[PDB]
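Handing you a structure now.
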Amino acid sequence: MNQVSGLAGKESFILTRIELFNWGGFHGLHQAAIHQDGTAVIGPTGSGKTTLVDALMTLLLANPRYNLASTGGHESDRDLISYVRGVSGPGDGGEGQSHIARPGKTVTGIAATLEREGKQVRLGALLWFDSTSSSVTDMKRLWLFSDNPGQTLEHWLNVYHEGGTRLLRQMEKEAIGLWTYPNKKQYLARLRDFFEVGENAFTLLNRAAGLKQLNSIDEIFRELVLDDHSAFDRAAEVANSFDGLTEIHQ
Amino acid sequence: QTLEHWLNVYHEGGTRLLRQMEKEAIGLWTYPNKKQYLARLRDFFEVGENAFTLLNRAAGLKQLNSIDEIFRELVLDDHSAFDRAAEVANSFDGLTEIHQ
Amino acid sequence: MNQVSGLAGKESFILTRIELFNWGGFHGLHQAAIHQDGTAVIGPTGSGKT
Amino acid sequence: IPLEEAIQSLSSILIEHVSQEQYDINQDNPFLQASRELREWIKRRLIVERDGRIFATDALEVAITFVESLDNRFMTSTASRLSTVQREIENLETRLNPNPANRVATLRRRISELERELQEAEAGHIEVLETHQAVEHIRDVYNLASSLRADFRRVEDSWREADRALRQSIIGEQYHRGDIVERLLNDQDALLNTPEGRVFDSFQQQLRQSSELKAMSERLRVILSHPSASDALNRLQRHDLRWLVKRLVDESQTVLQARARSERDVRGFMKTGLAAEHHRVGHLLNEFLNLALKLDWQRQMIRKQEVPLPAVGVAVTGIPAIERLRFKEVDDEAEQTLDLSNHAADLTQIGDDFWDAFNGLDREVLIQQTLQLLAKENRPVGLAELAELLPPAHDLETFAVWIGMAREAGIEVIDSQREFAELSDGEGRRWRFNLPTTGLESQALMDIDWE
Amino acid sequence: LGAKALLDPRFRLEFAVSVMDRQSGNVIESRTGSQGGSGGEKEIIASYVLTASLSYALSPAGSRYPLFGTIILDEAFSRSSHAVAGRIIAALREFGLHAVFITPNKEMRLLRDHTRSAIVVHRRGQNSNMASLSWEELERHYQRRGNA
Amino acid sequence: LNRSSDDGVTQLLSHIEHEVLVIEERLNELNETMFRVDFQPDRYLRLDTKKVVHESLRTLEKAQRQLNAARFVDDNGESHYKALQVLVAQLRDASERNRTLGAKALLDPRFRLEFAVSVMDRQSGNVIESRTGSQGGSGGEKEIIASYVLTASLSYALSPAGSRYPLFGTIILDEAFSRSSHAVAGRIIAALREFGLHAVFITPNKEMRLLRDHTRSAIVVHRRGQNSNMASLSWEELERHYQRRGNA
Amino acid sequence: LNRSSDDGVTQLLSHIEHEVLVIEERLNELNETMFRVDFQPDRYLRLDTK
Amino acid sequence: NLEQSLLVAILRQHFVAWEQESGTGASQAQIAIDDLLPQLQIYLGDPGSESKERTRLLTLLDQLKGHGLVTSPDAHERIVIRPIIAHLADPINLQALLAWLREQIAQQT
Amino acid sequence: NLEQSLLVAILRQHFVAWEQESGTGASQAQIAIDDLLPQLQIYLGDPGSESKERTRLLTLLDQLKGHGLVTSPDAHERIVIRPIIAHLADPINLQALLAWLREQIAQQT
Amino acid sequence: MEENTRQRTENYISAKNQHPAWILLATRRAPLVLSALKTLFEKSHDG
C-alpha cells in the first residue's frame, strides 16, 4: 500500500520531525516524528490537530491560508501573532487576556526536518516578542535553513536565551551549512531554489491542505489548480490614461 | 390513501381521474399549482414560510462560517430596503427636475 | 444520552415513512420507514442518500 | 395576509363554523367559498389588497373596534385616567400662561416637589405602583395610545384623496403649468392645515428629534416585560404597543407614496415645450380626456360601446382553406404497465468495508473496561501492559484512546523512552507497535468525567 | 459592503455568540472577531444556533415545543469528533426535534447508540435501492455474514 | 494616442492571450503526467479545454479587428480614437462588473477557456466517458475528481525541471476525508501513492479503519484545557511470517 | 421640496433603525429559547449584538 | 371600443412625449406598466385590489396587441408602443372621435 | 382534436356513402341528431349526461360549421353535410384513424 | 392564544341577537332614532 514511499524517498524529501515551542496552546517544548511511509494525526476536535499543520505551513509560504480547512475557500481565521501569543479566542466580553497564554514578552519557535536518501534538510524559524504590543510590525522574526542535522531547535532556543539574536547571526557564519534570513523572501527563494520549484507550487500545497467545497468540473481547475493573475488593475490604469486621452480629444 | 394508490389511479384513468377522486374521497385534496399547496402546508403546521426556508438551507449547511454569516443568510427573514431608497432618490430627482 | 427522547415524540409531528417511485436513481417503487426515536441513513459514497 | 395564505386560512375558519348551522353556508367546497367571500369583502371596500398582500380598511378596523367595545371592552373611568388628565391639564395651563413670573413660581414649586421626592427616594423609601394597580395603569396607556392608529387610518385616506383629486384635475385643458404648480402647493398645504394634517406634522417633527420616539419605544419594551403586563394585555395587544412607533412610521409611508405619486404626474406634465404638431395633438388628447371623465365608466354597457375610429393597421388572416386541415395521431398506443412491485433491497450486496465500519470500536466500553481493570491492578500500567492485559481487537484506535485518557488525566508521557508490544489483526496477520512510556492509575483516572 | 451596511437592516449588527454559566453572572466565553479557528468548535456552535433558531421558527407562537420537529441533518458531523457529536445529538433532542441523520457509511459507532433505526441504500450502476433496518436486525445480518 | 497605443487595449489583449496559451501549456503537460498513473483499474485521466464561447468575447474580437483596420488609415486618428474609445469603454464596463461571469470572461485569464476531463482506456486509448460522472458534485464523488486533479497538479508542480518524480513528496492534508467513504479515501491514498507523494493526514479520530492500513505512525494530540501535549505512535509488520503456514 | 424629500429621507432612515430594533428583539427572543437547553454540562449559549 | 380607445389615448400621449425626446427616432417607445395603472384608475375607478386592476390593464393591453398597437409585456413589465398608433390616433381621427363623443355626452343629458 | 377527427371521419364516410347512393353531387348529404348521438357515443361513451351529450355534439357541429364542413341543425335537428368534404387534405390519415377506431371499438368490448 | 377563536363567533352571535346597541344599529330606522336620542341627551347635566 505504501511500498512506493521508499522510492519516493529515492526521489524526494519527506518531513520526519516537527519541533515546536510556545506555539499555540503547546506551551514549552514539543516534538513529533513521522514514519517514512506516511503518518496520520489524531485527537478530539479542538485539540490542536490543525494547529500543528499551520505551524508547519508557516515555514513554506509568504502568507498561507492559516486554518484554511476550517472555513474552506473563505478567509483565513488566524495570523502569526495569534499563534505566537497562544491565543484561544475572546474568553470573555471584558477581554481580560486570560485566554491569552503569552500576552507578555516571550519567545517562540518552529522547526522541521526532512530526509531524502538519508541526507537531511532542516528548516526553522524564531518568533519573539520583546514587548506586549501585538502588531505585525513588532513580530520580529528570523527564518533559518540548514542541511546539517547538527543544528537543533533546542540549541537555537538555548542560544537565544544566552544572548540576543546577533549570536544566531554569528553562529550562522560559524556553523557549516547554515543560513539565517531576517526577512522571509530570501528564505523562500532559497527553499524554492533548493527544491527547483516555483512558489505557486507551495500555494497549491496550501490549497491542498484545506481542499474544500466546489460546485462543478470547471471549478476544480479554476479555483484549485491555476493562479488567476487577473489583469483588472491593468484595466483600471488603461481607463485612467484613456481619461486624459479623451480630455485631450475633447 | 397512499402513494401506491395515487399512482395506481393516475395510470388507471387519466389526470382527470385524480381530481375526480379528490371529490369522491374524504380527507383528500389536490392543488395543481404549487403555491396553493404550500400555503396549505404552512397553515396546517402553523409556521411561516421562513421556517421551511430555514429548514432546507439548514439540512445541508456545511459552509458553517462565522456566526454573522449564519444569521444574515439563514436566520433572519429578508426585508432589505434597497428599492425604497431607489424610490426616494427617484422622487427627489423628479422634484429637482421640477425645480430646474 | 437518549432518555430525553420521551418528550421528543409527544407534542410534535414526526416523519415516519417515505414512499417513493421512479424518483432520481430509485427506479420502480420503494419505501423507507423512519423510527420516531431517531434514524440514520447510510450508503456508499454517492448511493442515493442526498 | 398574503392572499394565497388568506384564502386557505379563511377556508379553515369557515370549516370551523359549519357547526353554526343556523347560518346558511356552502357545504361542498369550503375553499371556493373562502375565495368568493374574500372577493365580496374586496367589493365592499372592507379589505384592500395591494402587492399581493391584504390589509383591513379603516371601515373594518372601526367595525372591529365596535364589537370589541361590547362586553369584553376596556374601561377608561379610571383613577389612572384622572391622574393623566390632572397632570396634562397642569401642563396645558402652565404652557398657556404667558406671565413669566407665574411660570417661575410654577417651576419653583415643581422643583421643590421633585426635590422632596428625591429626598424620600434617597431615604430608601421609594414607592412602586401597587402591583395590582399596575394592570389598570397599563391598560390606561394602551387604550389611550390605541387612538393613534385609528387616526393614521384616516390621514392616509385624506392624502390619497388629495392625490386623486390632483390627478383628475390636472387633466383639465384649462389648466396650464402655472396652474398645476400652484394647485400642487395649495393642495398639499391645505391638507397639512387640516387637523389630521397637524397630527401628521407633529409626528414628523418628532422624527427630527428621534431620541424621544426611540426613548418611548425602549420604555414600552421595558414596561411589557414587567409581569403585570401579562395580566392587563394578551400577547396581541402587547405585540401592538411594543411596536406602536414602528407601525406609525410604516403607516406614514403610504402618505409619502401618494405624495410622490402626484409629483410623478406633475413632472410628466410640466415637460410640454413641444413642437407644432405635437402641440396640436396634445390639445386634442387633453380635450378628449376631459370629455372622457364625464362618462359613467362603472357601467359595462357604456364601456363596450364601439367608437368610430377608422380601421388602420388592418390585418387579414385565417383564410379557410379546406386543405389546411390536419388530423390526430394515436399511433403511440403501447401501454406501459405499472412497476408497482416492491423493489426493496436485499443486504447481500453490502460490501465488506461497510461491515468493517459497522464494527467500529466502542470508545465508552473501552473507557469503562480500562477503569475497571486498573482498579484491580492498582498501580501504574504502560500501554503495552494494557494490551497484554486487554486484547485490542480493533487495534490502533485503542492505543489512541488509552493515551487520550492518560493525557486527559494529566498523566505524564515520556515520548523519548519507549516500550513495545506484539498483536495480530482479525485475519491473523501479526503486527508490532512502538509506544511511549506512561502509567495509568485508576483513582486519578476515574476522578474525572468521560464521554 | 457599504450598500448593505446602509440599506440592509441586519448588516448593522454583529452576531457574536457567548457562553453563560448556569449558576453565575460571568461570561465564560465569547466568539467574535477571531472566529475561534477550531473546525469542531465552529461546527458545534453553528449547529446549536441553527437548531435553536429552527425550533423557534417551527413552533406555533407561544409553544415551547415545535409542531413540526423533523430536521434533516446531513453529515455536518464531518468536522465533529465523537465528543462533540454526542453533544450535538443531545442538544437536538432537548430542543424537541427528531433528527433523520445522513452519513456516508462512516462514524456509525455513536449512531448505533443514539439512534434506533437506519436506512441502508445501494449503489448499483445506474440504480439504487433502500431498506429499513433496526440496529439489531442489522446486527444479526452482520453475524450471519461472519458465519457464512 | 500613439503613446497610448503600445500601452493600450491591444497590448493588454495580447497579454491575456499569452496567459491563456500559458494555461494551455500547463494543461497539456499535466495531461501528459496523468498518463503515468491510473484513475481506475483500466483507465487513466485526461484533461481537455476549449475557448469560451461567450458572445462578449466575440464582440471584443469584432472591436479589435475594427481597431486593427483603423490603426493604419489616416484621418489624424479620428477613427483610431473612435475604435480605441469603444474598446476601452467595453473594458471599463467589464472592470466595473468584474464579479459577474461576463466580465470575468474578458479580464480573467482562467475564464477565457472551459475545461473537461475524460475517462481514457489505459489499453487502447479510446474514450469511454468525456466528462465527470456527476453533473454537480454527488457528495463524495466531487471529492474524487477534485483530490485526484489537485494531487496530480501538486505532484507535477513539485517535480524539478524535467524530473518525472516530485522532489518534495510531503503533501499535507487537513480534515482529509471529511466527506468521503472508505471506498473513496482508499482510492485517494492509492492515487497519492501512484504520484509518489508522501502524505500526512489529519482527522478527528475518523476513518481509523483506513488509516490503520495505509499509514505506519500516528501523532496523538490532546488538550488539557488551555494546554495540549503530544506523543508519537507507530507500528510495522513483523517479518518472520503473517501466521504459521496460514492466511496472508 | 426641502420639506417633502427631507420627510421621505428621514422616514426611510428611521424605518431602517426600527428594522434594526426588530432584529435585536428577535435576538432576545432566541436567547430566551436557548436558555432552555444546556450547551455544555453546566452552561448555555446566548447571543449578543453590537 | 372606448376602453381600448382610452388606453389608446394614454398610449398616444406617452408616444408623442417619447417622440419629443428624439424626434421619430427608433421604435423603442418604452414605458413601465406601473405608469399606466395610475392613469386608468382615474377613469375606470379603483376596484380596491391592485392585482385586479393589473389584470384588467393586461387584458386591455392584450386586446390592443391583438389590434397590433402594442408589444406584449416582457420580463421587466415594459411594453413598446407600435408606431402604427400615430396613424390610428391621427389628429383627424382624434377630432372625428372627439366630435362623436361630444355628441354622445350632449345626448346623455 | 381526436373528437373532431372522429366526427369528420364519420361525416366523410357518410357523405361518400350518400354519393354512392345518389351519384356525385345529386343531393347534399344529411344526418339527424337521432342517428348521430349513438354513433358518437359508440366511440366516446357517456360524458356524464344526455344534456352533456347534446351539448358536446352541437359544440363540435358548430366548430365544424366554422370550418365550413357542416351546417347547423335545422328545426328538425338535421344537418347538411357540405359538399366541400370531398376535398380534404389527407384522407389517408382519416382512413388510418378510422382503422384504429374500428379496432378499438371491438377491442374494448 | 387563539383557542377561544371558535367560541368568539358564538359570543358575537349572542351580542348581535341580544345586546341593545347592536340591535339598534341594525334597525331600518336606526339613524333617525339614534340622532333624536343624541340630540335629546346632548344637553344633559344629569338625568
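Letters are used for the chains, namely A, B, C, D, E, F, G, H, I and J, taken in the order the chains are written, and counting of residues starts over at 1 for each.
The rule is short, and it goes like this: a contact is a pair of C-beta atoms (placed from the backbone, for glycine too) under 8 Å apart; a residue touches a chain by one contact, two chains touch by 3 or more.
Participant: Tell me, which chains sit next to both chain E and chain J?
Facilitator: Neighbours common to chain E and chain J are D.
Participant: If you average the C-alpha positions per chain, which one ends up nearest the average over all of them?
Facilitator: So the chain nearest the centre of the shown protein is B.
Participant: Counting C-beta pairs in contact, pick out the pair of chains that comes out on top.
Facilitator: Counting C-beta pairs in contact for each chain pair, the top pair is A-F.
Participant: How many angstrom between the C-alpha centroids of chain F and chain B?
Facilitator: 38
Participant: So what's the Cα centroid distance for chain B and chain H, whole Å?
Facilitator: Each chain reduced to its C-alpha mean, chain B and chain H end up 35 Å apart.
Participant: Could you please state the distance in Å, as a whole number, between where the Cα atoms of chain C are centred and where those of chain H are centred?
Facilitator: 58
Participant: Just curious, how far off is chain I from chain D if you go by their C-alpha centres, in Å?
Facilitator: 62
Participant: Which residue numbers or ranges of chain D touch two or more of the other chains?
Facilitator: Chain D, residues with two or more chain partners: 235, 260, 263-264, 340, 343-344, 351, 353-354, 357, 360-361, 400, 404, 415.
Participant: Going by the touch rule set out above, which residues of chain B reach two or more other chains?
Facilitator: Only 4, 7, 45, 62, 65, 76, 79, 81, 84-85, 91, 95, 98 qualify.
Participant: Could you list which residues of chain H touch at least two other chains?
Facilitator: none
Participant: Where do chains touch, given as pairs?
Facilitator: Touching chain pairs, listed by label, come out as A-B, A-D, A-E, A-F, B-C, B-D, B-E, B-G, C-D, C-E, C-F, D-E, D-F, D-G, D-H, D-I, D-J, E-F, E-G.
Participant: For chain G, which residues are in contact with chain D within the complex?
Facilitator: 4, 7-8, 10-11, 14-15, 17-18, 21-22, 25, 41
Participant: Would you tell me which residues of chain D are touching chain E in their complex?
Facilitator: Those in contact with chain E are residues 235, 343-347, 349-350, 353-355, 357-363, 451.
Participant: Would you pull the chain E residues touching chain F in the complex into a rising list?
Facilitator: Contacts found on chain E: 39-40, 75, 78-82, 104-107.
Participant: Mind pulling up the chain E residues that touch chain G in the complex?
Facilitator: Against chain G, the touching part of chain E is residues 6-7, 9-10, 12-23, 28, 30, 45, 48-49, 52-53, 55-56, 64, 87, 91, 94-95.
Participant: Note which residues of chain E are touching chain B in the complex, please.
Facilitator: Where chain E meets chain B, its residues are 3-4, 6-11, 14-17, 31-32, 35, 42-43, 45-47, 49-51, 53-54, 57-60, 67-68, 71-74, 76, 78-79.
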